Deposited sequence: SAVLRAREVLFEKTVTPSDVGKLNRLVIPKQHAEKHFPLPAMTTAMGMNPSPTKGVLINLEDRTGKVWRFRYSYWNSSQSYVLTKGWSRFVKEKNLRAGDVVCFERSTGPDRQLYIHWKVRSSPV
């Protein structure tokens, strides 16, 4: 469960979303590379597959593959908010949803 106000770069041709490292280390641990594949679900019940990775050059956690399709379907914009949630029960499943400028 963490939320980010998305930057212009987040929703542009850079095809990447930067996760703040506090939240990345707290809620999404990485094996310690090419990275892992992560499955989330939106309110429509569609399940999105993203690639979660670490860039050691910039020391930053980023979603790359699959983020742009999310941006385009949801018509994300700079200033909107993206909220990551997890299952209440043992299903262990992650959910993604988006609100707009509080």
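Student: Which parts of the deposited sequence have no C-alpha atoms in the model?
Tutor: Absent from the structure are positions 1-9, 42-52, 123-125.
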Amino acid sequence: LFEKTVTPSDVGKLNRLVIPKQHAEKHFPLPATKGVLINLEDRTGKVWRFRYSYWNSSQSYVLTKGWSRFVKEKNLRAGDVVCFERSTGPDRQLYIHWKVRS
From here on, numbers count along this sequence of modelled residues.
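Student: On average, are the C-alpha B-factors higher in 59-67 or in 23-31?
Tutor: Stretch with the greater average CA B-factor: 23-31.
Student: Averaging the C-alpha B factors as listed in the entry, name the stretch that ends up higher: 70-78 or 33-41.
Tutor: 33-41 has the higher mean C-alpha B-factor.
Student: Where does the C-alpha B-factor of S102 rank in its chain, lowest, middle or highest third?
Tutor: According to the entry, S102 has a C-alpha B-factor in the chain's highest third.
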